[PDB]
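Below you will find one chain, with nothing else, as structure tokens; this is the form deposited in one PDB entry, and questions on how it binds or moves follow later.
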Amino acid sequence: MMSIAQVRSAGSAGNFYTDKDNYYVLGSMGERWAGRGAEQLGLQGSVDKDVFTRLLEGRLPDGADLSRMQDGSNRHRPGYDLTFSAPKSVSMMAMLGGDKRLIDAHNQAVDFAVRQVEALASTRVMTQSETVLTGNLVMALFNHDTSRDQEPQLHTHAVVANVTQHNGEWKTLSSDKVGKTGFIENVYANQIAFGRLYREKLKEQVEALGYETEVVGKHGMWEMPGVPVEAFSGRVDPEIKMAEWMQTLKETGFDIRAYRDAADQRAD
């Protein structure tokens, strides 16, 4: 699925989205920019914490500045956090099964979704105020491993900077409580499709890897047949959590190595 939340605040977000703890299992962030708006800014590859924060503050590298300092605070909304999560079976197989391919898959899927999300990118202008599309967003996608559940959760944080290039000028993103014509309003009104779109592209890449899938919930919600999913349901130091995880799995008798070869053969 794809959770939707508003970023707390430059500093706040900065350290959070990169706190190595949120990704100790993975060992890496995987952070890369995204969006026509990001490539249009020369932003490519890894993410510079500072660039990211300034970006959240509303200061682009382009030189444009949408920050509105008012007695210490900034009245410029940072952006929106789109979190795409991977089915327990996969998150597990990806981080505890030693099959990095599944992580790549996860990424690719998010990318395939994030675009469609980008398409809805809009801005406001009057003539009366109206919402005109743009087709671009600036983004920073980070990968985290655990969840509030303290369970493996290969999930990416698609942080959409609250800026959009329209007619040259960098204006803020379309907001509109009323007519729900705002970019974010359309995001809310497509969460299932986009969450499904992300899962759809993943169930295809995984199956091409030789893995099978099964429906477990509505709108798609599937899981990899046979993964001890349940051994991580019903509910410090990252390292202590890792070991725990490793231990909890060995005490299931699942044959990670075999389940893998099982697939390698089934496709190849």
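The numbering used is simple: start at 1 and walk along the sequence shown. Definition used throughout: the rigid core is the maximal C-alpha set that superposes within 1.5 Å between two forms.
- Deposited sequence between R235 and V236: 10 or more residues lack coordinates.
- According to the entry, the deposited sequence places 1 to 3 unmodelled residues between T127 and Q128.
- Between the stretches 22 to 30 and 212 to 220, it is 212 to 220 that shows the larger average CA temperature factor.
- According to the PDB record, 174 to 182 carries the higher mean C-alpha B-factor of the two stretches 151 to 159 and 174 to 182.
- Ranking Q116, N74, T83, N143 by Cα temperature factor from the entry places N74 first.
- Remark: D62 belongs to the highest third of its chain, ranked by C-alpha B-factor as recorded.
- In the PDB entry, a CA B factor belonging to the highest third of its chain's modelled residues is recorded for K49.
- Sort the chain's modelled residues by C-alpha temperature factor and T134 lands in the middle third, per the entry.
- Remark: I240 belongs to the highest third of its chain, ranked by C-alpha B-factor as recorded.
- Annotation for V206: C-alpha temperature factor in the lowest third relative to the rest of the modelled chain, per the entry.
Only in words, not in the display: the form deposited in another entry, which the text now covers.
- With the rigid core aligned between the shown form and the other one, the listed residues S175, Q116, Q191, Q108 include just one Cα displaced by at least 2 Å, namely that of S175.
- Relative to the superposed core, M242 shifts its CA atom by 2 Å or more between the shown form and the other one.
- With the core superposed, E151 shows a C-alpha displacement of at least 2 Å between the shown form and the other one.
- In that other deposited form, the Cα-Cα separation between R68 and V178 shrinks by 3 Å or more relative to the displayed conformation.
- In summary, the C-alpha positions of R68 and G179 converge in that other deposited form, ending up at least 3 angstroms nearer each other than in this conformation.
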